[PDB]
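S.K.: I'd like to ask you about the structure that follows.
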Number of protein chains: 2
Amino acid sequence: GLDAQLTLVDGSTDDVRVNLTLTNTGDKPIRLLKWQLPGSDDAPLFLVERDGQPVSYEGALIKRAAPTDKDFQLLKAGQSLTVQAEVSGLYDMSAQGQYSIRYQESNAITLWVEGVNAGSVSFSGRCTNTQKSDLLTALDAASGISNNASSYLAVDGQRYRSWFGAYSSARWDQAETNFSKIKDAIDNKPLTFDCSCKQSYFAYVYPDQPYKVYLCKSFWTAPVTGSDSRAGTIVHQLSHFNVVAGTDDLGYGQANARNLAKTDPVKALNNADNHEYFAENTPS
Amino acid sequence: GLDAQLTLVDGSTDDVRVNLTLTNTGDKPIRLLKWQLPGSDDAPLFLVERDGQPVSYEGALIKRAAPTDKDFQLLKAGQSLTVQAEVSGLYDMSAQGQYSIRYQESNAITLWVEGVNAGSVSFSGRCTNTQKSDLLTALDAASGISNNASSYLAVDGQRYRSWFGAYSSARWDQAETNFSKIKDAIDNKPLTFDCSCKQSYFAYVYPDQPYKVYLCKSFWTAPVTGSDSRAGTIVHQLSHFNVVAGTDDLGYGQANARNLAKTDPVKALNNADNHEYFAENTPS
Ligand SMILES: [Cl-]
Ligand SMILES: [Cl-]
Ligand SMILES: [Zn+2]
Ligand SMILES: [Zn+2]
C-alpha cells in the first residue's frame with residue numbers, strides 16, 4: 001500500500017511548512033502522479049480546517065492531458081519519498097485560530113495560526129502568512145507617509161521643490177490631487193498584493209488593472225520605511241493606476257528624480273519615483 | 001550620436017513584428033539601458049497610432065533601482081545592434097485600421113491592421129493580434145458547443161449517461177444549471193484571456209478570479225473544435241469559477257471521465273473534463 005506521513009516543520013516565521021513522506025509499503029514498485037505531490041504547480045492536495053471548519057483552497061486549477069509515463073514518479077518497494085510544501089500561500093489561513101492540515105490520506109497535523117492581521121486587502125501569487133503580515137505592515141506605513149504627503153500639500157518649501165521643481169499653482173494642485181487619490185486608494189479601495197514575481201527589481205503593475213501590485217525581490221530586501229522602502233514602493237506603484245494618478249516610469253532613483261525636477265517639472269509630476277521620494281521624505 | 005532605424009517584418013500572420021536597429025554613429029562607445037531595448041520585460045518603448053491617434057500601451061510598468069554597470073548594453077563606435085519585438089501584444093491594436101509605430105526616436109513604419117474582430121472580451125499576458133483573433137474564434141465555437149449542451153439538457157440519452165452516469169433528476173438539474181451558467185458567462189459576462197503561460201498543459205484558472213482564463217501551450221496545439229479542443233478548454237475552464245459551476249479537476253481525459261461517470265456520478269458532476277466532454281460530444 002502507500003502510506004502518507006505528515007510532519008509540521010518548526011521555524012521561527014509565520015510560514016506553514018510541512019514535510020510529507022509517502023512510502024511504498026508494498027512489494028512491487030508503484031507509480032505516483034507528479035501532480036499529486038507538492039510542487040511549483042498549484043494543486044489542492046491538502047484538507048485545511050480552522051477550528052473544525054474547512055477553509056478555502058486559493059491556488060489554480062489546471063487542465064492537463066491524461067498522464068503519460070513522463071507524468072509519474074516511481075516509488076520502489078519499501079521506498080519513501082519526502083517533499084516539503086508551504087501551505088499558507090495556498091489556502092486561506094489568514095484568520096487567527098487553531099488549524100489542522102492533512103494531505104488528501106495522511107495523519108492531520110495541528111497548529112496555532114497567529115493571524116496576518118470601504119478598503120480591503122487581498123493576496124495572490126502564493127503570499128505566505130509572513131508575507132501577508134509584512135505586506136499589511138508595509139501598507140500601514142505607506143498610509144502614514146501618504147497621509148503626511150497630503151497634509152504637507154494642504155498647508156499654507158524645499159520638500160516640494162526637491163521632487164517637483166519650480167512652484168506653479170497648477171502643478172502643486174496636480175500633485176495634491178495625485179496624493180489625494182493615492183491616500184484614498186490606501187484608505188478605501190480594494191488592494192491586491194501578489195507575491196509570485198521572482199525578478200530582481202522592486203514591483204510592477206498594469207495601470208489598467210487597479211489595484212493589484214506585484215512585489216518582486218527588491219521589495220522584500222527593502223526596509224519597511226526610509227528610501228526605496230516597502231512603504232514607498234506601494235506609494236510608487238499605486239500612483240501608476242489610471243484611476244489614481246496615471247504616472248509613468250520615466251526615471252529611477254533619487255538622483256534621477258531630483259534631475260527631472262530641476263530640468264522638466266512637468267515630467268517630474270508625471271514620474272512615480274518622484275511621488276515616492278516626496279512621500280518618503282528621507283532624509284527629512 | 002545614436003540612430004534608430006525601424007523596419008516592419010513581413011509575415012503571413014496577424015502579428016506585428018518589427019526590427020529595431022540602433023547604431024552608434026559616434027566615435028566613442030556608448031552605453032544603452034537594457035530596459036530601453038525590446039525584451040522579456042514589458043516597457044513602453046513605442047508610439048503607436050491608429051489613424052493619427054495614439055493608442056494605449058497595455059504592458060506593465062516596473063519599479064527598478066537606479067542602473068548599475070550590469071544594466072547597460074555597450075555599443076562600440078560605428079556598431080549596430082538589431083533586436084526584434086512583437087508590438088500587438090503590448091499596445092491596443094485590436095481595432096481595424098491604419099497604424100504607425102515609431103520607437104520613442106526612429107522613423108515611423110506604417111501598416112494596415114485587420115482587426116481581431118452585456119458580454120465583453122479582454123486580454124492580458126501579451127496576446128498578439130493572431131492569438132486574440134484565434135481566441136475570439138475559439139469563443140464563438142465554445143458558444144456553439146455550450147448552446148448545444150444546454151439545448152440537449154432542456155429536451156424531453158447516451159450522451160448524458162457517458163459523462164454524468166446513472167440518471168437522477170437532481171443530478172440532471174444540476175448539470176443543466178451548470179451549463180446554463182457557462183452559457184450565460186460566454187454570452188453575457190466580461191471574460192479575460194491571458195497568453196503569458198508557457199507551461200506544456202492546456203490552461204488554468206483561479207476559481208475566485210472570474211472570468212480570467214490563462215492559456216498555455218496545449219491550448220495552442222489543440223484543434224479549434226473536437227476532443228480536447230480550444231472550444232472545450234474554454235468550457236472546461238469557465239466551469240471552475242465559483243460564480244459559474246465551481247467544478248474541480250478530479251481527473252483528466254475522456255477515459256478517466258467515463259470511469260468517474262460509471263463509478264461515482266456525483267464526482268463526475270463535479271469534474272471539469274466531464275463537462276467539457278459532454279459539450280464537445282466528439283464522437284457524436
Ligand atoms: Cl483549468
Ligand atoms: Cl511599478
Ligand atoms: Zn481545470
Ligand atoms: Zn513604476
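Read-outs: derived from the displayed coordinates by stated rules, not from any lab. All Cβ positions, even for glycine, are placed from backbone atoms using ideal geometry, and neighbour counts span all protein chains on display.
S.K.: Using the Karplus curve 6.51 cos²θ - 1.76 cosθ + 1.60 with θ = phi - 60°, work out ³J(HN,Hα) for each residue of segment A:63-80 in order, rounded to whole Hz, and write x for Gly and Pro.
M.R.: 7, 10, 6, 3, x, 10, 2, 3, 8, 10, 9, 9, 10, 5, 4, x, 8, 10
S.K.: Another one. Taking the Cα centroid of segment B:188-239 and of segment A:191-231, what is the distance between the two, rounded to the nearest whole Å?
M.R.: 28
S.K.: Does segment B:240-284 classify as rounded, prolate or oblate by the C-alpha gyration tensor (a ≥ b ≥ c root eigenvalues; a/c under 1.5 gives rounded; else a/b over b/c gives prolate, otherwise oblate)?
M.R.: Details: a/c = 2.08, a/b = 1.28, b/c = 1.63.
It is oblate, given that a/c is not under 1.5 and a/b is not larger than b/c.
S.K.: Over the Cα atoms of segment A:1-118, how large are the radius of gyration and the largest Cα-Cα distance (Dmax), in Å?
M.R.: So, for segment A:1-118, Rg and Dmax equal 15.5, 60 Å respectively.
S.K.: What are the residues whose amide H is under 5 Å from the amide H of B:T192, where those residues sit 5 or more places off or on another chain and H is modelled from the backbone?
M.R.: Under 5 Å from the amide H of B:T192: B:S122, B:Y211, B:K212, B:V213.
S.K.: Which is farthest toward the positive dipole end of segment B:119-284 among B:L238, B:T225, B:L269, measuring Cα position about the Cα centre, with Cβ charges +1 (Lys, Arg) and -1 (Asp, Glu)?
M.R.: B:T225
S.K.: Across the residues of A:198-205, average count of Cβ atoms on other protein chains within 10 Å?
M.R.: Numbers: counts 0, 4, 3, 6, 4, 5, 8, 4.
For peptide A:198-205, the averaged partner shielding equals 4.
S.K.: Any chance you could list P(r) for segment A:84-124, counting all Cα-Cα pairs in 10 angstrom bins from zero, rounded to whole %?
M.R.: 22, 52, 21, 5, 0
S.K.: Express the Stokes-Einstein translational diffusion coefficient of segment B:88-207 in µm² s⁻¹, to the nearest whole number, given a Kirkwood radius over alpha-carbon pairs, 10 °C and a viscosity of 1.306 mPa s.
M.R.: Details: Rh = 17.5 Å.
The calculation lands on 91 µm²/s.
S.K.: Let me have the 222 nm mean residue ellipticity of chain B computed from DSSP H runs of 4+ only, each contributing -39500 (n - 2.57), with the sum over all residues rounded to the nearest 500.
M.R.: Taking each H run of at least 4 residues, the total per residue is -10000 deg cm²/dmol.
S.K.: Let's test the formula: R0 of 45 Å, r as the Cβ-Cβ distance of B:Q96 and A:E176. What FRET efficiency results, to the nearest 0.05?
M.R.: Working: r = 42 Å, r/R0 = 0.93.
The formula returns an efficiency of 0.60 here.
S.K.: State, to one decimal in nm and shortest first, how far the label point of B:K34 sits from each corresponding label point in the other identical copies (label point: 7 angstrom along Cα-to-Cβ).
M.R.: Once sorted, the set of distances for B:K34 reads 2.9 nm.
S.K.: List, in order, the whole-Hz ³J(HN,Hα) value for each residue of segment A:54-60 obtained from phi through the Karplus relation with A = 6.51, B = -1.76, C = 1.60 and θ = phi - 60°; use x for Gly and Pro.
M.R.: Karplus values, whole Hz, x for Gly and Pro: x, 9, 6, 6, 10, x, 7.
S.K.: Tell me, what ³J(HN,Hα) does each residue in segment A:269-284 have, in order and in whole Hz, if you take phi through Karplus 6.51 cos²θ - 1.76 cosθ + 1.60 with θ = phi - 60° and put x for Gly and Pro?
M.R.: Residue by residue, segment A:269-284 yields 4, 9, 10, 4, 4, 4, 5, 3, 6, 4, 5, 5, 6, 10, x, 7 Hz.
S.K.: Add +1 for every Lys or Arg and -1 for every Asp or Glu among the other residues with Cβ under 9 Å from the Cβ of B:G251, and state the total.
M.R.: For residues surrounding B:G251, the net value is -1.
S.K.: Ranked highest first by the average count of other Cβ atoms within 10 Å around their residues, in what order do B:267-278, A:74-85, B:52-63 fall?
M.R.: Values: B:267-278: 25.2, A:74-85: 13.3, B:52-63: 17.4.
Put in order of decreasing packing, that is B:267-278, B:52-63, A:74-85.
S.K.: What Kirkwood hydrodynamic radius do you get for the protein assembly as shown when you take the inverse of the mean 1/r over all pairs of distinct Cα atoms, in Å?
M.R.: Numbers: mean 1/r = 0.0376 Å⁻¹.
With all distinct Cα pairs of the protein assembly as shown included, I get 26.6 Å.
S.K.: Could you state the number of Å between the C-alpha centres of segment B:1-23 and segment B:249-277?
M.R.: Segment B:249-277 and segment B:1-23 have Cα centres spaced 49 Å from each other.
S.K.: Another one. Where does each of B:30-37, B:133-140 land if you order them by average Cβ count within 10 Å, highest first?
M.R.: Values: B:30-37: 15.0, B:133-140: 19.0.
Taking the mean over residues of other Cβ atoms within 10 Å, the ranking is B:133-140, B:30-37.
S.K.: Turning to a different aspect of this structure: Which value, in nm² and rounded to one decimal, describes the direction-averaged projected area of the C-alpha convex hull of segment A:138-284? Numbers along the way, then the final one.
M.R.: Details: hull surface 31.4 nm².
Reported value for the Cα convex hull: 7.9 nm².
S.K.: Note the distances from B:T21 to each other copy's matching label point, with points 7 Å along the Cα-to-beta-carbon direction, in nm, sorted shortest first.
M.R.: 6.5
S.K.: Got the B:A154 label distances to the other copies yet, label 7 Å along Cα→Cβ, in nm, shortest first?
M.R.: Nearest to farthest, the other copies are at 5.6 nm.
S.K.: Provide, for q = 0.12 Å⁻¹, the log10 of I(q)/I(0) from a solvent-free Debye sum over equal Cα point scatterers in segment B:195-281.
M.R.: Rounded to two decimals, the profile gives -0.32.
S.K.: Given q = 0.10, 0.13, 0.16 Å⁻¹, what are the Debye log10 I(q)/I(0) values for chain B, with equal point scatterers placed on the Cα positions and solvent ignored?
M.R.: -0.63, -0.88, -1.14
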